[PDB]
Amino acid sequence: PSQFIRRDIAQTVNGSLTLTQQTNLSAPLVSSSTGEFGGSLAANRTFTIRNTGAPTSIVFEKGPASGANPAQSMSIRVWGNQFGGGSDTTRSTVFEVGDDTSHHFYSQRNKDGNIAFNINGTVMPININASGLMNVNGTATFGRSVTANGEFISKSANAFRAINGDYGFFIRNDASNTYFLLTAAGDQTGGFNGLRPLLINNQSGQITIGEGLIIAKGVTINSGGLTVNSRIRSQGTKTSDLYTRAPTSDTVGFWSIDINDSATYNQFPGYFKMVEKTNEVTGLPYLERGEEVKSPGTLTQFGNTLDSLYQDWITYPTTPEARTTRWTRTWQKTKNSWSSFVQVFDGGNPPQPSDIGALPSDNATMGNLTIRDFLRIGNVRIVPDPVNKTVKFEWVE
């Protein structure tokens, strides 16, 4: 009648067909319902998951817990919240991959049009090459060098540290001063010890070096002077020829030298032996200069130029009866020579009557003497007697 199906015209089948043989189609299959295949599936070029009100997804089933199967099912879901009316409408288009516990990753176009790729864990690339910015909130470690075309800036008080062997060296800006500091040995990442090698006042720029300073190749203080607690050893260059050496631009200035070798000090002036004499009349001692004796001594130079330069020589005693005598000379640029050392006159080295043209206090001899008022010999006074053009001899008493 029409309870059987036609091969030639359109037809509506109201019984469930089971097809036990291969079904072939050469025209569109259009269903308003589901498809289920117990074997594999293939289609040409494009698979489209259609959306009529809910986000689209692919589900990868986990299957039995055996072989190469995963522990959880996963999905790809394409969704957003721009149209959902929540407190957040900024997740405009999201491609999210995850399992039953949480997403693994997603890409997202924000409502602002920018794209994010979120990874819910650790990203493990080989190389990284980012065209834009980097931020990293946690600790960072690099296995090799780090080069920047810009500046390195630290907001940590301990800012820059170099660790090698037993010690950390570091630069610390504590807001008041910037310090160059060192760790205890074996505490290389830790705090500063008690050493204060160098600091810089952040306000004034003034530097304090706290554990001693050695300088090679000269020092010049341009301004402000120098204060020293509590001695200066200005050590002159000691040469065999100090007695005759012309100064140079390198040897001008202040220094002292200990001339302690006889080959040198024998060329220099000595001390003088002194004999303590007694004035017969008054009993007061006076020193009579005796023989010169060569001695070690200190040579001290002063003055800063090849014109302005002088020296002092101060003998020091090394034998039990040795005395000390000082001597002076001045550099004579126009003569290209040192003046001859002259003796300083002092209470240990007094000028002698013959040095100055003074009559000795006793046992004296002279060419001539003029007496205006009287000469007394023993108890006789000799006085002028001009009225008789002679002298009177007055026995006293």
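One-based numbering along the sequence shown.
Mean CA temperature factor is higher for 37-45 when stretches 362-370 and 37-45 are set side by side in the entry.
Note on 251-259 vs 204-212: mean CA B-factor is higher in 204-212. Among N229, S87, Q311, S223, the highest C-alpha B-factor in the deposited entry belongs to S87.
Between the residues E288, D166, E292, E280, it is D166 that shows the highest Cα B-factor in the PDB record.
Among the modelled residues of the chain, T52 sits in the highest third by CA temperature factor in this PDB entry. In the PDB entry, a CA B factor belonging to the middle third of its chain's modelled residues is recorded for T334. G186: CA B factor lies in the highest third for its chain, per the PDB record.
For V136, the recorded CA temperature factor ranks within the middle third of the chain's modelled residues. When the modelled residues of the chain are ordered by their C-alpha B factor, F268 lands in the lowest third.
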